[PDB]
Amino acid sequence: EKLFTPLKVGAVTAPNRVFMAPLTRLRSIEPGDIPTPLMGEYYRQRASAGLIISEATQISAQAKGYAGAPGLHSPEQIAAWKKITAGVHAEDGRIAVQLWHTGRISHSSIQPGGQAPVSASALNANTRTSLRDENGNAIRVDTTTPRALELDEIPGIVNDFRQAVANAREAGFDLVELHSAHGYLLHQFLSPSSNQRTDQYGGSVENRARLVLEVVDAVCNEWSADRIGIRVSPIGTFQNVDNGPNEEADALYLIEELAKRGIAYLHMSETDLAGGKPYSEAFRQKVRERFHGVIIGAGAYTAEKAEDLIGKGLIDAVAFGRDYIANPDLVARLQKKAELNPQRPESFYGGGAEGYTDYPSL
Ligand SMILES: Cc1cc2nc3c(=O)[nH]c(=O)nc-3n(C[C@H](O)[C@H](O)[C@H](O)COP(=O)(O)O)c2cc1C
Ligand SMILES: O=[N+]([O-])c1ccc(O)c([N+](=O)[O-])c1
């Protein structure tokens, strides 16, 4: 067994390779998109994880796409996150903040001024996002057609990512994870299906990856490369966003470029919740030889699969999502081969303590 052995991850050292995947739970306070004491307790309960990767968090107000998702751009948000990271550290844990801009997977009612959300192009995501009703309960609503970002608006987006990372550092996070997957803003530019731009930010893979790489360079300069991680979902289709007709080649190009920056880790989301074709070992080898930092695998993983791939030297750690929702002490359970608590999907989004902090530890 190797899942329970130490691993150097950028600036910190994880005591095991069982990581907690980023999980949107939509329980933040509105107005303000402020993290809560309840959220602090939830993360504290899971502090034994090799590394906790937080729920997706807004780099700006414009970045918001879901009612209940937290931000890391205001003083109130920074103060609240400081208490949460302190709780995790009090229990000897490590926590990274996943930073995102939802782009077109949003709704005008939660955008600044109630205006249309932004994206690489003016194409509707054709999916749904989560808002809140008059009683504060989570509700699904069709996404609003976006406005294409103007060329001179791009530097502002890069700067928002830069500022958010500076804020993350002050908030006490150990690392930051750029959300460059699942059809959100960065992925919207990466994919030909959602990017029909004719300027230097669309067309060739070099142009499509231009934005995410400018962001990576900006955050490495703001803090340090060994504090930066990135999540990608380059193979298959995720929330209606595929990766084009040359996904494998384009993925390898992006990974080689990321490697040049010497960042802390590469987090690969292998499949959408609805499923997808499995990664071939040949592809895993091509990825492995192109990146020199930690590689995290994710997507319906079993402990057995994690051990198999870590033993073959193809990945270094595994991020579990739904199992972590239902098992705060997942590490101890997997180590002892104990049974897990059953999942209650109806409380994954919104609500309060029920289905959030009420899953017991052994
Ligand atoms: C309730 C819920 C919320 C999620 N929110 C996030 C998130 O904020 N960011 C992210 O990158 N993926 C998110 N995911 C995907 C998970 O990180 C993970 O990749 C996925 O659940 C597959 O892993 P699993 O089979 O171990 O759960 C979410 C999934 C679920 C079920
Ligand atoms: O539904 N969600 O709130 C949500 C948020 C971010 C994500 O990255 C995902 N996803 O791709 O699994 C889902």
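Residues numbered from 1 in each chain as written, not as in the entry; some residues may be left out. Chains lettered and ligands numbered in written order. Heavy atoms only, no water.

## Focus: the site of ligand 2
Alright, step 1. Around ligand 2 sit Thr-24, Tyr-66, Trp-100, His-179, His-182, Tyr-184, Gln-239 and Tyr-349, and that is every residue in its neighbourhood.
Alright, step 2. Interatomic distance of 2.8 Å between a side-chain N/O atom of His-182 and an oxygen atom of ligand 2.
Alright, step 3. Contact between ligand 2 and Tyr-349: an oxygen atom at 3.3 Å from a side-chain N or O atom of the residue.
Alright, step 4. Within the complex, 82% of the 330 Å² of free accessible area of ligand 2 lies under protein.
Alright, step 5. Residue classes in the shell around ligand 2 are distributed as four nonpolar, four polar and no charged. (Near = heavy atom within 4 Å. Polar contact = N/O pair within 3.5 Å; in protein donor to acceptor, adjacent residues only side chain to side chain. Areas by Shrake-Rupley, 256 points an atom, 1.4 Å probe, with all protein chains shown as cover. Nonpolar A, V, L, I, M, F, W, Y, C, P; charged D, E, K, R; others polar.)

## Looking at the environment of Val-232
Alright, step 1. Of note, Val-232 is situated in strand β12 (residues 228-232).
Alright, step 2. Taking the relative accessible area as the measure of exposure, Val-232 reaches 2% and is therefore buried.
Alright, step 3. Along the backbone, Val-232 and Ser-269 are 37 residues apart, and their C-alpha atoms lie at a distance of 6.1 Å.
Alright, step 4. Contacts of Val-232, omitting those with residues within four sequence positions, involve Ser-180, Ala-181, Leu-254, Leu-266, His-267, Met-268 and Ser-269. (Helix = DSSP H or I, 4+ residues; strand = E, 2+ residues; numbered from the N terminus. Buried < 20%, exposed > 50% of the residue type's maximum accessible area, 1.4 Å probe, protein only. Contact = heavy atoms within 4.5 Å.)

## Quick notes on unusual backbone geometry
Alright, step 1. Residue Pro-31 follows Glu-30 across a cis peptide bond; omega there is 0 degrees.
Alright, step 2. For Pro-31, the position within the fold is in the loop between β3 (18-20) and α1 (37-45).
Alright, step 3. One non-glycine residue with positive phi stands out, namely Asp-33, at about 50 degrees.
Alright, step 4. Residue position: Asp-33 is located in the loop between β3 and α1.
Alright, step 5. The class for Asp-33 is buried, based on a relative accessible area of 10%.
Alright, step 6. Notably, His-182 is not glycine yet its phi reads approximately 50 degrees, a positive angle.
Alright, step 7. Looking at where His-182 falls in the secondary structure, it is placed in the loop between β11 (175-180) and α4 (185-190).
Alright, step 8. Taking relative accessible area as the criterion, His-182 reaches 17% and is therefore assigned buried.

## Observations concerning the site of ligand 1
Alright, step 1. The full set close to ligand 1 counts 17 residues, and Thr-24, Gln-98, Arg-231, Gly-321 and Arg-322 are the nearest of them.
Alright, step 2. Interatomic distance of 3.2 Å between a backbone N/O atom of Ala-56 and an oxygen atom of ligand 1.
Alright, step 3. Measuring from an oxygen atom of ligand 1, one finds a backbone N or O atom of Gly-321 at 2.9 Å.
Alright, step 4. Starting from 610 Å² of accessible surface for ligand 1 in isolation, the protein chains cover 92%.
Alright, step 5. Tallied by class, the residues present in the shell around ligand 1 amount to nine nonpolar, six polar and two charged.

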